[PDB]
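Participant: Below is the sequence, then the experimental coordinates.
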Amino acid sequence: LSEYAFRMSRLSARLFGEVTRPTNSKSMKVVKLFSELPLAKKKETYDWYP
Amino acid sequence: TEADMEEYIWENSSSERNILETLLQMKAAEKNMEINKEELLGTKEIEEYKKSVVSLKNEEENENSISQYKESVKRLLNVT
Amino acid sequence: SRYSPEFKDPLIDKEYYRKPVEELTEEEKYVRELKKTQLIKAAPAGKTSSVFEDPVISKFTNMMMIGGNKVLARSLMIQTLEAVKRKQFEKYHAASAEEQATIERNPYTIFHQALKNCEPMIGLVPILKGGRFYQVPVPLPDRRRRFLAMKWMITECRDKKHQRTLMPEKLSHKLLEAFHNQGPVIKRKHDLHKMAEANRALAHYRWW
Amino acid sequence: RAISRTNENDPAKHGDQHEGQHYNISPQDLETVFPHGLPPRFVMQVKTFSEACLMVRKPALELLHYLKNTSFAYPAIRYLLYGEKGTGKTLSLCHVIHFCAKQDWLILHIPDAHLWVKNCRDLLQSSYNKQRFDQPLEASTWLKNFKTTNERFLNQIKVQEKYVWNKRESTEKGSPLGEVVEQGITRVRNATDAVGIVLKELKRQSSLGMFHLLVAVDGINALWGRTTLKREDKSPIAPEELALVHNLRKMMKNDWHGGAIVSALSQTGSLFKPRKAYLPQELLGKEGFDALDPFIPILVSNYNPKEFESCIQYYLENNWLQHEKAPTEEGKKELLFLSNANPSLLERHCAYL
Ligand SMILES: */O=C1/[N]C([N])=N(*)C2=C1N=[C]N2[C]1O[C]([C]OP([O])(=O)OP([O])([O])=O)[C]([O])[C@@]1(*)[O]
């Protein structure tokens, strides 16, 4: 793997909707806590009890 | 990076350099000094070798592919 | 489970099916059988119809096996058979002419003679009477004697040993000692016979 | 009744009429031509019979018809004897080495390339062979047995280049190579310097007609296969990081004349290879496919009945099949069934039966 792959991955990141510059998996924690919902707001959690 | 190339193009390929050094060493062995690699390309043996390495590197390895490889290198190396 | 009543036992003898047309008792038996041609038990994965197989070696295999490694028991039985064959042939290479003609090279009949050496003949039972346990001599059934000999060879191969020597050489040297009437399983057999001699006045305590 | 042992030890006299022949080799001859490398499960056969009796395998003879007429003008010519596992790939190289010592060639025998890769525990670096890690112990395995392969032609070599040995010693000029290979076998710190300087000196004198050099290397899939030996911070290396074997890879590049190198692909310790891969490109890899230096692939096949019937009928004069009903005809067809006319799986049965 070299920059041929790095540039293909970067342009498919600008294409398909991922982040183009590389980052840590600890910083991908924020994109997976932002690509879904918080725990409290789900219709089967705060409305567990009617 | 040629890792992303899929087919075996004979242009500046490594086994091409091996059979090319083989043609230079063989034409020195015969002491007949007609050293033109572009004339050495014109033989039937090296292009049967070229089709055999192309077929062997793209199509995965079967017995009859090795029969074709053996036939090419056998008429190539002056072996009976 | 999951077998049922009337299900029959396996048959292996091919030549028995080749020419059964000579008698009348078993002839009418297999007339009665094929007239029914019942739901038989399926043939197990341990036995075959071949002529290169032996029942006693497969039993000593299965009595040698720990758990579910039929492959390791197969490797041990194969290695010990070949090693004892090559020890007898290496003694053949260091033999004279009559020593060529008197040393046996088949490991199979040597092994079966070794088991017949290994076989206990008079047994024990703990019987309680007058509050004490008394060791009584009892004659044994045949399957008991042969089972005891096979497990005796197994366990004295296993644990009465050094941690240095590997198992197929170990079992080969054990069979070699058991083949010549001087192995330690024979000495244990002699102690068993000696103590069944020693408690000879207890043989009226058996009720059968 | 198979024609087995009337043909004596003569690899220069194997015809196609001579088929299925258990040719007897004298055991002193194996002290000369094969103490270096042999399969480990084959040593049981010889010391039990005192008959080094190799049956005529038709590809084992067929490579010799390419060694009568391979000219010494032509360079180092590769040959591979591959096939299914157990067909005697490592045993089909054994048929040609006995010819080349009968024709007085230079036997660069390598026992097993897998042991050069795996299972070597103690590790040194280098300074004279350009700063790479190397095994002095595997050099110590090779340098002792190599001399007694060929002893007539190793001392006739003149070392025509002044090599530096230590800060106390060097090398003397025009010396017999029988000195130079074993001059530092005592000083094992640079006994791995005794391989790459020395075998490249045998490259130069191979060009003339006094010496006929042939690489005899077994299992070349490990020479271009990625190794398992690790470094101190748990980093694996390349096969191009071993200075013991890095100069060994210089040899299969046809850079000398006068001989015809033979190699045999093996399947004992093919690391990171599936067991069901048995072909050359499937085992050597991509680095074993570009640097091929065009080689002739010899597909070692399975038996015909002519090699099958020769086998058990040989074991009958030796009284080897000790079973009662084993020489019956159908008892041959089950060994023909369970061993599928493969040589190595038949000997496993004829080990114990
Ligand atoms: O003439 C013979 N040719 C070959 N190939 N093998 C052979 C011959 N006589 C006896 N043998 C037996 O072959 C077995 C060794 O096989 P091996 O070790 O080379 O298998 P691999 O996997 O490497 O190809 C052995 O029993 C030997 O006695």
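Facilitator: That came in fine, so what should we check first? Numbering: from 1, shown residues only, chains lettered A, B, ... in the order given.
Participant: From here on, just use CA atoms for contacts and neighbour counts.
Facilitator: Will do.
Participant: burial count for whatever residue of chain A ends up closest to chain C?
Facilitator: Scanning chain A for the residue nearest chain C gives residue A:1, at 43.2 Å (criterion: CA to the nearest CA). Around residue A:1 there are 8 other residues, counting by other CA atoms under 10 Å in any protein chain shown.
Participant: Mind checking what secondary structure residue C:6 has?
Facilitator: Secondary structure assignment for residue C:6 (DSSP: H, G, I helix; E, B strand; the rest coil): coil.
Participant: mind listing what it touches?
Facilitator: residue C:38 (CA atoms under 8 Å, 6 or more residues apart in numbering or on different chains).
Participant: Distance check, residue D:350 against residue D:297.
Facilitator: From residue D:350 across to residue D:297, the span is 31 Å (CA to CA, to the nearest Å).
Participant: From the chain's centroid, how far away is stretch C:126-143?
Facilitator: 24 Å (CA atoms, centre = their mean, to the nearest Å).
Participant: Endpoint to endpoint, it covers what distance?
Facilitator: First-to-last distance for stretch C:126-143 - CA to CA - comes to 20 Å.
Participant: Helix or strand for the residue minimising distance to the centre of chain A, just tell me which one.
Facilitator: Centroid-nearest residue in chain A: residue A:31, 3.6 Å away (criterion: CA atoms, centre = their mean). Taking DSSP states H and E as the criterion, residue A:31 maps to helix A:28-34.
Participant: Now tell me what touches that helix from outside.
Facilitator: With CA under 8 Å, 6+ apart as the criterion, helix A:28-34 contacts nothing outside itself.
Participant: which non-adjacent residue is nearest whichever residue of chain A sits closest to chain B?
Facilitator: For chain A and chain B, the shortest gap (CA to the nearest CA) falls at residue A:4, measuring 6.6 Å. Nearest residue to residue A:4 in three dimensions, chain neighbours excluded: residue B:1, at 6.6 Å (CA to CA, 6 or more residues apart in numbering or on different chains).
Participant: Any figure for the gap between that neighbour and residue A:1?
Facilitator: Residue B:1 is 8 Å from residue A:1, by CA to CA.
Participant: now do residue C:139
Facilitator: 79 Å.
Participant: ok, back up a step: can you pull out the residues in contact with the host helix or strand of the residue of chain A closest to chain B?
Facilitator: Assigned by DSSP H and E, residue A:4 belongs to helix A:3-16. Contacts to helix A:3-16, defined as CA under 8 Å, 6+ apart, come from residues A:18, A:19, A:20, A:21, B:1.
Participant: Contact partners for the third one?
Facilitator: By CA under 8 Å, 6+ apart, residue A:20 lies in contact with A:9, A:10, A:11, A:13, A:14.
Participant: now, which of the residues you listed sits nearest residue C:103?
Facilitator: residue A:9 (76.7 Å; CA to CA).
Participant: Just give me the neighbour total for the closest one.
Facilitator: Neighbour count of residue A:9, defined by other CA under 10 Å: 17.
Participant: Kindly report the residues of the stretch 51-200 of chain D close to the ligand.
Facilitator: For the stretch 51-200 of chain D, the contact set with the ligand under CA under 6 Å from any ligand atom comprises D:54, D:55, D:56, D:57, D:85, D:86, D:87, D:88, D:89, D:90, D:91, D:92.
Participant: out of these, which is most surrounded?
Facilitator: Ranking those using other CA under 10 Å puts residue D:89 first, with 27 neighbours.
Participant: Which positions in chain C make contact with chain B?
Facilitator: On the criterion CA under 8 Å from any CA of the partner chain, chain B has no neighbours in chain C.
Participant: Right, and chain D sits closest to which residue of chain C?
Facilitator: Closest point on chain C to chain D, by CA to the nearest CA, is residue C:82, at 3.7 Å.
Participant: now swap in chain A and tell me
Facilitator: residue A:1 (16.6 Å).
Participant: Give me the distance between that residue and residue A:12.
Facilitator: 16 Å.
Participant: ok, which stretches of the stretch 101-250 of chain D are helices?
Facilitator: Using DSSP state H, counting those that start in this stretch, the helices of the stretch 101-250 of chain D run over D:113-117, D:136-145, D:177-182, D:193-199, D:243-246.
Participant: Make TSV from these and add distance to chain B to it.
Facilitator: Shown next, in TSV, are these (distance: least, CA to the nearest CA, whole Å):
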stretch	distance to chain B
helix D:113-117	23
helix D:136-145	29
helix D:177-182	27
helix D:193-199	20
helix D:243-246	18
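Participant: Buried deepest among those, which one?
Facilitator: Greatest average neighbour count among the helices of the stretch 101-250 of chain D goes to helix D:243-246 (a mean of 22), per mean count of other CA atoms under 10 Å in any protein chain shown.
Participant: Comparing residue D:350 and residue D:297, which shows the higher neighbour count?
Facilitator: Neighbour count, other CA under 10 Å: between residue D:350 and residue D:297, residue D:297 has more, with 23 against 16.
Participant: So that one is in contact with residue D:83, correct?
Facilitator: No - proximity of residue D:297 to residue D:83 does not meet the contact threshold set by CA atoms under 8 Å, at 9.5 Å.
Participant: follow-up on the earlier one: can I get the contacts of helix A:3-16 in JSON lines with secondary structure and distance to residue B:36?
Facilitator: Compiled in JSON lines, the contacts of helix A:3-16 are given as follows (DSSP: H, G, I helix; E, B strand; the rest coil; distance: CA to CA, whole Å):
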{"residue": "A:18", "secondary structure": "coil", "distance to residue B:36": "54"}
{"residue": "A:19", "secondary structure": "coil", "distance to residue B:36": "54"}
{"residue": "A:20", "secondary structure": "coil", "distance to residue B:36": "51"}
{"residue": "A:21", "secondary structure": "coil", "distance to residue B:36": "51"}
{"residue": "B:1", "secondary structure": "coil", "distance to residue B:36": "30"}
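Participant: Only whichever of these are buried, select them in PyMOL.
Facilitator: Entered in PyMOL, the line below selects the buried ones among those, by 16 or more other CA atoms under 10 Å in any protein chain shown:
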select buried, chain A and resi 19
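Participant: For the nearest residue to residue C:63 once chain neighbours are set aside, grab phi and psi.
Facilitator: If the residues on either side of it in the chain are set aside, residue C:63 comes closest to residue C:151, at 7.0 Å by CA to CA, 6+ apart. When quoted as degrees, to the nearest 10, the phi and psi of residue C:151 stand at phi -70, psi -30.
Participant: Closest approach to chain B from chain C, which residue is it?
Facilitator: For chain C, CA to the nearest CA, closest residue to chain B: residue C:71, 32.5 Å.
Participant: which element follows the host helix or strand of that residue toward the C-terminus?
Facilitator: For residue C:71, the enclosing helix or strand under DSSP H and E is helix C:70-93. For helix C:70-93, the succeeding helix or strand toward the C-terminus, using DSSP H and E, is helix C:97-102.
Participant: I'd like to know which elements whatever helix or strand comes next after that following helix is packed against.
Facilitator: Counting by DSSP H and E, the next helix or strand C-terminal to helix C:97-102 is helix C:107-117. Here helix C:107-117 touches helix C:70-93, helix C:142-158, helix C:167-179, going by 3 or more CA pairs under 8 Å, 6 or more residues apart in numbering or on different chains; DSSP states H and E.
Participant: Whether the shortest one contacts chain D - can you check?
Facilitator: No - no part of helix C:167-179 sits near chain D under the criterion CA under 8 Å from any CA; the closest distance found is 12.4 Å.
Participant: Let me know the angle separating that helix from helix C:70-93.
Facilitator: Here the directions of helix C:167-179 and helix C:70-93 differ by 60 degrees (axes from the mean of the first three to the mean of the last three CA atoms, to 10 degrees).
Participant: elements contacting helix C:167-179?
Facilitator: Partner elements for helix C:167-179 (3+ CA pairs under 8 Å, 6+ apart): helix C:70-93, helix C:107-117, helix C:142-158, helix C:184-198.
Participant: Out of those helices, which gets nearest to the ligand?
Facilitator: The ligand lies closest to helix C:70-93 among the helices and strands packed on helix C:167-179, at 13.3 Å (CA to the nearest ligand atom).
Participant: contact partners of the closest one?
Facilitator: Against helix C:70-93 from outside (CA under 8 Å, 6+ apart): C:61-62, C:64-65, C:99-100, C:103-107, C:167-169, C:171-172, C:176, D:48, D:351-353.
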